[PDB]
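Next up: a single chain in structure tokens, the form deposited in one PDB entry.
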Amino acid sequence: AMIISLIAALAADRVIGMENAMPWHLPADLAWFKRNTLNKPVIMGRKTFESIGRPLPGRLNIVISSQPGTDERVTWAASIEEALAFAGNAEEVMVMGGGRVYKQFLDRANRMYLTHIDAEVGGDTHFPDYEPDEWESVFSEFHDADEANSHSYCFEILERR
């Protein structure tokens, strides 16, 4: 049973994106992202791959795009079907956005790695609205802002009932 997992950073009001990059500086979230995606296939949309600016080391990078990719260092998938097939027989595949990709994988996903950030950023792209009754929280860890992280943040792992 392949576990499909969504991993996302959510500001206030479920905001995940806006026109430009999110206005926060959270190296601790990037370290949590890295820890939870290493040695796993990682599925992302082409815009998210451009946001990163490079391949993610130590993991299988699967970028979904309708147009042919122009970077041989990652795996290019024309559809979510091709993306999942590229993940092979991995026990957990990580879906890291963006907004459209989250909507397409939500029904297939049985686990979520959510970072809740205490920032009212006023964005207009939101994480999909999921039913809270169908998910249960199995991990929770809170951190305050500090000299290195611009906002307080709460790591959470949810699993489908």
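From 1 onward, residues are counted along the sequence shown. Whichever C-alpha set is largest while still superposing within 1.5 Å between the two forms counts as the rigid core.
Mean C-alpha B-factor is higher over 101-109 than over the other stretch, the pair under comparison being 37-45 and 101-109.
Higher mean CA B-factor, judged across 83-91 and 68-76 from the recorded values: 68-76.
Within the listed group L158, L6, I3, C154, the record reports its top CA B-factor for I3. Placement of the Cα temperature factor of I16 within the chain: lowest third of the modelled residues, per the deposited record.
In the deposited entry, the Cα temperature factor of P27 sits in the bottom third of values across the chain's modelled residues.
In the PDB entry, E147 places in the lowest third of its chain by CA B-factor. In the PDB entry, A119 places in the middle third of its chain by CA B-factor.
The entry lists a Cα temperature factor for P55 that places it in the middle third of the chain's modelled residues.
The form deposited in another entry exists for this protein as well; it is not shown, and the discussion that follows is about that form.
After superposition on the rigid core, the single residue among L26, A109, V101, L56 whose C-alpha moves by 2 Å or more between this form and the one not shown is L26. With the core held fixed, the Cα of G122 is displaced between this form and the one not shown by 2 Å or more. Taking the rigid core as fixed, one finds a CA shift for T37 of 2 Å or more between this form and the one not shown. Core-aligned CA deviation for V15 between this form and the one not shown: 2 Å or greater. Between the C-alpha atoms of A8 and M18, a gap narrowed by no less than 3 Å is obtained in the other form, as opposed to the form on display. Closer approach of the C-alpha atoms of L26 and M94, by 3 angstroms or more, is seen in the other form than in the present form.
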